[PDB]
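Student:
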Amino acid sequence: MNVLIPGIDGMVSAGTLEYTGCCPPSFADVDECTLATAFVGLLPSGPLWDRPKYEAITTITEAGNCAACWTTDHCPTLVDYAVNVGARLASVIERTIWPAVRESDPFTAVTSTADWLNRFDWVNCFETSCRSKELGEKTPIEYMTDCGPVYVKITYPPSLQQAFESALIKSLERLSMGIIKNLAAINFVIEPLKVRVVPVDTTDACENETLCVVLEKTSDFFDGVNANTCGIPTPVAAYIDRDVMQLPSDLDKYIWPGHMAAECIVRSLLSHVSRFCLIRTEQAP
Amino acid sequence: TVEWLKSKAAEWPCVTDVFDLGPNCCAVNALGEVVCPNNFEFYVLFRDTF
Amino acid sequence: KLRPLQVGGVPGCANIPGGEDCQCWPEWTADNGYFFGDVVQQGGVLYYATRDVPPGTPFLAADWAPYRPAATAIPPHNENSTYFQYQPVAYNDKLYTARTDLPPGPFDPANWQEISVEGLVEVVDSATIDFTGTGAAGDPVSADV
Amino acid sequence: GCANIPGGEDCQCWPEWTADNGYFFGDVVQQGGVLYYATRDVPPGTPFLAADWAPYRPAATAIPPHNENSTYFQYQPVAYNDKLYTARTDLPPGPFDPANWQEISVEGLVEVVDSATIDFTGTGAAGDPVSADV
Amino acid sequence: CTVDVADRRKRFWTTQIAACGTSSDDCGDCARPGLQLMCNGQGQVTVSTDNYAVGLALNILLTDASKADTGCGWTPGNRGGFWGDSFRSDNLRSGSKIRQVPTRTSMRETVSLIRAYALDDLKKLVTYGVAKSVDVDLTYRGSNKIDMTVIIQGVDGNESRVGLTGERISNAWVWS
Amino acid sequence: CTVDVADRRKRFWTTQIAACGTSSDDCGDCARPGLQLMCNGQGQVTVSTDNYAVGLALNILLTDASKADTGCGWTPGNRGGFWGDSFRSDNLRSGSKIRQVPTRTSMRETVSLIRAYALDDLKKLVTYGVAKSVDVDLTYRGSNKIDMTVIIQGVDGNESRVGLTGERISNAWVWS
Amino acid sequence: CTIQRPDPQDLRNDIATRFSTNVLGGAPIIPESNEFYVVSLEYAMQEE
Amino acid sequence: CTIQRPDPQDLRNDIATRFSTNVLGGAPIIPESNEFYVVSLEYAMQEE
C-alpha cells in the first residue's frame, strides 16, 4: 500500500516535508504602499525630520501608484520625495525583475513562449508539405484538391495560442529529462497537453500485428498562464470551431492543437517500434 | 537513437567522420512510395589511415 | 514673477487636472470575432468593421473604418459580411435592401429588395448589329443583324 | 481628503455638452437628458446653438441635405437636389463637387421584342439582365 | 565665448526659515522650516533655491549627530547620525550635537558648553567651503532663555579684492 | 531557518544557595549550598541548572586556593588548590583565599584585607567572561561581624544595546 | 526584446506624473528647471 | 562575467556624478545639503 502518483519515472510514491520556516519574501510581498512608507526610515532624525516623518500618510490612486496624501496643512519636505523613491522602486521591481524571472522557467513563462519554442527547436509534423504518409491520409488541417492534400496555416486566437505553447513547452521540458518509454511516463509527459494514450488491445498482444493506441482527451481546457504574481491561471478552451474561424470546409469540425502536438511527440517517441498504428478520433467537446 | 548511435560510433579509434545514408540511397516499393528503414545504418570515414 | 505660495495652497496656483478612465465602446481584442457593424475602440478612436472578422486576425486597415455615431454608411455589397434586415447596400451603384437576415455569401437578387423606377436606354448602331427602339412602353428595343 | 490626487468626471457613454471642446459632424452629445447630434463641424468655444444640434436616437438614421461645413466619412449618404449621393473618400468640408460623390442609381426596366434574327431575353432587372443571342 | 562670465553651475532645493509658517505654543513663536514652493503664471510650481548658506546651517543645526559610546549603550535605532556618512570622502560626520549637552547646574557652564558645541558644529560651514568666518554670540542666562544669533560671513561671485590673507572659499558660487 | 535563534549551547548543573537547607547553630542560620534535584510528573528526578553566575561565584568563594610559600612549609596534602588547574590553558588559579587572611588587630584593617581578597577573587568572574561589573560593599566592624553584600552585573541573551565602550563579555549565553 | 520596453513617451509621462503628485502636490513642472532635469535623470536610470 | 552588482562606493560615485552633471550643471555635491540626501536616497534605491 502507498498510493502512487505518476512521475518522470513511472508511478513513484510521493510525500511531504515539514514546513521549515525560511523562504525569503518573494515578489508577491512587494507593494508600493508597504515599501513607500518603509523608505521614510532612511532619512536622518532630529527636529527637522521628526514631525514630517510622523505625518507621512499614504494613499492609493486609481492606477496603483501609492502617493502621499496632501491634506490642506502640508509642509513640503524631503519625506515625500522618499515616499516617491520607494514607490518607484516597487514599480521598477514589478516591471523589470518579476518579468525576466517569470520568463526564465518553462513552467511559468507567459510572454516568451514562442522564444522558448525556438529554443526547444520544436517543429510541427502536420504543417510541412513533405509530411510522412503514415501520419494519416489527410490530417485534420489538410483540405483536399485534385493533386493531393493542402495544409492550411491556422492563426489561433492569441489567448489559445499562448496557452497551447505554454503547455507544449512544459511537456517538452519534461520529455527532455530522459523518460523511459513505457505508457505511464509517456502519459505523464504529454499530460500538460490534456491528452492520454490508451491501448486498444486487451489480450496479451505480443503475437499479433498492429499494436495500436488511441488518443483520448482528459479535459476540454488548457490551463492558462497568469502574468500577475497573485491569482490563478485562467483556463481557456483547447479547441476551435471550423465554421467560426472561417476555414475551408474539408477540415474537421473541431480542430485541437494539443492533440496534434501530442500525436507528433508520441509518434516520434515510438518510431523504433516496427508495428504500431495511432487511430485518431474526431472529438467534439 | 539515430543521433545517439552516431555520437557513440564516433568514439571508435581513428573514426574521423560519421555520415547518414546519402540521398542516392533511398528506396521505393512497387506501389511507388518511399520506404522508411526499420534498422539504423550509417557510414564512417577513417580519413587519416586508409 | 515666481511668487512664494503658502502652506496649503497649490489648489490655487495650479488647477490639479484630475484623472480619467473611460473604457466604454469595448476595446479591440483579437480574441474576439466581430461581425459587420461591430464597433470597437482602438487607440482611443472608434472603428466599425467592414466585414465579418474571424478570431485571431490582427488589426488591419482594410477591415475597420472610422466611425461616428450619427454618420450612416451604405457600403458596396460584400460577400463576407452578415447583413441584418432592411440593411441598405449598394450593388453596381444601385440601392438594395436586405429582405431577411442574410448569412455571408455571394450576391443573390432573390434575397435583396430592389427599388425600381421604370427606365430608359440609348443605343448606337454597330458595324455588325443595328439597334432600334428605346425600351420605353410602346417602343420596345429591337436589334437586327 | 488628499487634495493633490484629483478625481471626477466619472464615466459616461454619451458625453455631456461643454463649450471648450469642438465637435465634428456626427458626434453625439447628451444635454438636458436628451441626445443630440451635430449637423456641422462645430469649432471649439462656440455656445450651444439650437441650429447646430438635432434630436437623435441610435437606430434612427438621418440623410441630411448636403452642407458646406461638414466632414463626411466614406460611403456616408447625403441629399443634394433631391438625389442621393455617397462620399467616395474621406473628404474635408467644401462645396459640392461631383468628382467627390458617387450618385446612387436604383434600377431600370426596358421592353424588348424578339427580332427575326436575334432573340432578346430579360427586362434589365438584377438577376434578370438584358441579354441577346442570334 | 565672451558670454562665459556666468557659471553654468546651478543650485538645488534649499531649506528655508519659516517655509511652513510659525507655530504658536504660548511660550513663543517658532519657525518650522521646510521647503518653499514658488508658483508661476500658469500653474507649474517649483521649489525655491535661495539662501544656500542658511540652508546648510539649518541642515546642520536641526539634525542629530552620533551619540558618544557609553557603558549603558543605546537602542539600535536611537544612536543618531546618517548612514550616508559611510560614503563621503571628506572624513567627517553629519549633524550637530547641541541637544546632547550633559546638563548641569550653574547655567553659566551650560551656556559655555552650548557655545562650544554650536561653534564646533557650525565650523563645518567653513570646512565645506561655503562661508569663511561663521561665528555665534550666545549671551544670556535668565531662567532658561538663551539668545544665539549667528553670523554667516559670505563673499560675492566675482573676486573683486586683491591680496587677501586666506584663500577664496571653494564654493563661492553659491554666493554665501 | 527563520526560527533559528536559540543558542544550541546548554547549561550543566549549578550549585545553588540553600539547596541543602539552612543549618541553625544558635549564632544564626547559614545556607549549606549543594545540588538541587527537580522532580517530574512521573518520578524521573533531574538536577537543576538555574542561576549560573551565582553558582560560579559560590564555587569560587567556597574553595580554598593554594597557600603562599612560607619558611616552615605545609603538610603534603594541606596546600590548597585543585590539581585540575595543571591542565587549563588560561594560566590562572582555582578558588579563593579569604580564609587565609593574616588576622591582625584593628578589625578595620582586617575588613580592608578581606575586601581586597574577595575583590581579587571575584574579578575572575569578569575574567572568565560570565559577568561584567562585579563589586562588593563590605561595610562593618562590630565585634567581629561583617556584611559582605555582593553584586554580579549581568546581561541578556540578545544584544539590545548599540555603541558600548566595552564588549559583549564572552559567555553571555548563560544569561549572567 | 524580452521584458516589455514600454513606449518611451508613456514612461516619461508616468514618471513626471508621479513626481508631480508626490513632491509638487499635483502641479505641473516648469520646463528647464531643477525638477525637469531630475525627472529626466530618473528616466534614464529606469531605462538602464 | 560581463555585468554584476557594482561595488557600493563605485555605485554611489557614479550616481553622484550623474546627478551633478545632468542636473546641477557640474556643481559639487556639498555634504549635508538637500542634494546630498537626494543622492543618498537614489543610491539606496539602486542598492535595494
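Protein chains in written order, with our numbering: chain A, 1069 to 1353; chain B, 140 to 189; chain C, -11 to 133; chain D, 3 to 136; chain E, 3 to 178; chain F, 3 to 178; chain G, 14 to 61; chain H, 14 to 61. Just so you know, even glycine gets a beta-carbon here, dropped at the ideal spot from N, CA and C.
1) Against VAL(-2)/C, what residues of chain G qualify as contacts under a CB-to-CB distance less than 7 Å, listed in chain order?
2) Using DSSP with H/G/I as helix, E/B as strand and the rest coil, what is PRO64/C?
3) Quick one: which chain F residues come within Cβ less than 9 Å of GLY1089/A?
4) With a 10 Å radius around its C-beta and 16 neighbouring C-beta atoms as the bar for buried, classify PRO1225/A as buried or exposed.
5) Could you give the distance in angstroms between the alpha-carbon of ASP29/D and the alpha-carbon of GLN29/C?
6) Check for me: the alpha helix (DSSP H) holding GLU48/H runs from which residue to which?
7) What residues are listed by DSSP as bridge partners for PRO46/C?
8) Which residue comes first and which comes last in the beta strand (DSSP E) that contains residue 1/F?
9) Between the Cα of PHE119/C and the Cα atoms of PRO95/D, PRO94/D, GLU11/D and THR119/D, which residue gives the shortest distance?
10) For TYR50/G, would you say it is in contact with chain H, using Cβ-to-Cβ distances shorter than 8 Å as the test?
11) Quick one: list the residues of chain G neighbouring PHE89/E, beta-carbon separation under 7 Å, in chain order.
12) Please report the straight-line C-alpha distance between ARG90/E and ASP122/F, rounded to a whole angstrom.
13) Quick one: Cα of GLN18/F to Cα of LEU58/F, how far?
14) Exposed or buried, what is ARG143/F when buried is set at 16 or more other beta-carbons lying within 10 Å of its beta-carbon?
15) For the alpha helix (DSSP H) that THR1270/A lies in, which residues bound it at each end?
16) Whose C-beta lies closer than 7 Å to the C-beta of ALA33/E among residues of the same chain, with five residues either side of it excluded?
17) Can you tell me which residues form a DSSP beta bridge with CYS1193/A?
18) Could you tell me whether the Cβ of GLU180/B comes closer than 8 Å to any Cβ of chain A?
19) Along chain G, in chain order, which residues have C-beta atoms closer than 7 Å to that of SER1180/A?
20) Taking C-beta pairs closer than 7 Å, name the residues in chain B that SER1342/A reaches, listed in chain order.
21) Using a Cβ-Cβ cut-off of less than 9 Å, list which residues of the region 17 to 45 of chain E approach chain A; keep chain order.
22) Roughly how many whole angstroms lie between the Cα atoms of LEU(-10)/C and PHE32/G?
23) Buried or exposed: which applies to residue 1354/A, given that a residue is buried once 16 or more other Cβ atoms fall within 10 Å of its Cβ?
24) Just to confirm before moving on: does the CB-CB distance between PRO45/D and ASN23/D stay below 8 Å?
25) Please report the residue range of the alpha helix (DSSP H) in which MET109/F lies.
26) Between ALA166/B and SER1339/A, what straight-line distance do the alpha-carbon atoms span, to the nearest angstrom?
27) Who are the near neighbours of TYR54/E in its chain, counting only those whose CB is closer than 8 Å to its CB and skipping five residues on each side?
28) Of the choices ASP31/E, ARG11/E, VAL56/E and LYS134/E, whose alpha-carbon is the least far from that of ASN47/G?
29) Excluding sequence positions up to five away, which residues of its chain have a Cβ less than 6 Å from the Cβ of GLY121/C?
30) If you draw a straight line from the C-alpha of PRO1301/A to the C-alpha of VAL1263/A, how long is it?
31) Tell me whether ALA1235/A is buried or exposed, calling it buried when 16 or more other Cβ atoms sit within 10 Å of its Cβ.
32) Check distances from the C-beta atoms of the region 19 to 36 of chain H to those of chain A and list, in chain order, the residues that come in under 8 Å.
33) Residues bridged to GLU1210/A by DSSP?
34) Counting pairs of Cβ atoms below 8 Å between the region 23 to 43 of chain G and the region 1135 to 1150 of chain A, do you hit three or more?
35) Can you tell me where the alpha helix (DSSP H) holding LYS145/B begins and where it ends?
36) Under 7 Å Cβ-Cβ, which residues of chain C neighbour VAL47/E?
Tutor: This is what the structure gives:
1) At a C-beta separation below 7 Å, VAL(-2)/C has these neighbours in chain G: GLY38, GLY39 and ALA40.
2) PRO64/C: strand per DSSP, three-state reduction.
3) Within chain F, the residues near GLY1089/A are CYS3, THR4, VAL5 and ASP6.
4) Under the 10 Å beta carbon count, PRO1225/A is surrounded by 16 or more other beta carbons and is classified as buried.
5) Rounded to whole angstroms, the separation of the alpha carbons of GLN29/C and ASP29/D is 15 Å.
6) Per DSSP, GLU48/H belongs to the alpha helix (DSSP H) from 47 to 60.
7) For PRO46/C, which the question treats as bridged, DSSP gives no partner whatsoever.
8) Given a span of 3 to 178 for chain F in the structure shown, any question on residue 1/F remains unanswerable.
9) The residue among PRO95/D, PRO94/D, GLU11/D and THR119/D with its C-alpha nearest the C-alpha of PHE119/C is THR119/D.
10) Taking Cβ atoms only, chain H reaches closer than 8 Å to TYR50/G, which makes this a yes.
11) The premise fails here: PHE89/E is roughly 18 Å from chain G at the closest Cβ pair, so nothing lies under 7 Å.
12) So the alpha carbons of these two residues sit roughly 48 Å apart.
13) In this structure, the straight-line span from the alpha carbon of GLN18/F to that of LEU58/F is close to 9 Å.
14) Exposed.
15) Element bounds for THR1270/A: n/a, residue is neither H nor E.
16) So the qualifying residues of the chain are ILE19, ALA20 and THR24.
17) According to DSSP, which records beta bridges pairwise, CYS1193/A is partnered with nothing at all.
18) Using a Cβ-Cβ cut-off of 8 Å, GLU180/B does not count as an interface residue toward chain A, since no Cβ of chain A sits closer than that to its own.
19) The answer, in chain order, is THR15.
20) Residues of chain B passing the Cβ test: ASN177.
21) Of all residues in the region 17 to 45 of chain E, only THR17, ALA21, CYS22, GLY23, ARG34, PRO35, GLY36, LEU37, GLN38 and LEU39 place a beta-carbon less than 9 Å from a beta-carbon of chain A.
22) A straight-line Cα-Cα distance of about 20 Å links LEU(-10)/C and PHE32/G.
23) Because chain A in this structure spans residues 1069 to 1353, residue 1354/A falls outside the shown range and cannot be described.
24) Taking 8 Å as the Cβ cut-off, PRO45/D and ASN23/D do not qualify as a contacting pair.
25) From DSSP, the alpha helix (DSSP H) with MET109/F extends over 109 to 130.
26) Each residue's Cα considered, the two are about 18 Å apart.
27) Short of 8 Å from the beta carbon of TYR54/E, and not among the five residues preceding or following it, lie these beta carbons of its own chain, in chain order: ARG13, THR16, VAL132, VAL176, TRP177 and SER178.
28) Per the Cα distances, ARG11/E.
29) These residues qualify, in order along the chain: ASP127, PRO128, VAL129 and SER130.
30) Counting only the Cα atoms, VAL1263/A lies some 19 Å from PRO1301/A.
31) By the Cβ-count criterion, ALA1235/A is buried, with 16 or more other Cβ atoms from all chains shown falling within 10 Å of its own Cβ.
32) Sequence-ordered contacts of the region 19 to 36 of chain H with chain A are nonexistent [C-beta pairs closer than 8 Å].
33) Bridge partners of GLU1210/A: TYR1219/A.
34) The answer is yes - the region 1135 to 1150 of chain A touches the region 23 to 43 of chain G, with three or more Cβ pairs under 8 Å.
35) Run containing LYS145/B: 141 to 148, per the alpha helix (DSSP H) assignment.
36) In chain order: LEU(-7), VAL(-2), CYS1 and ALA2.
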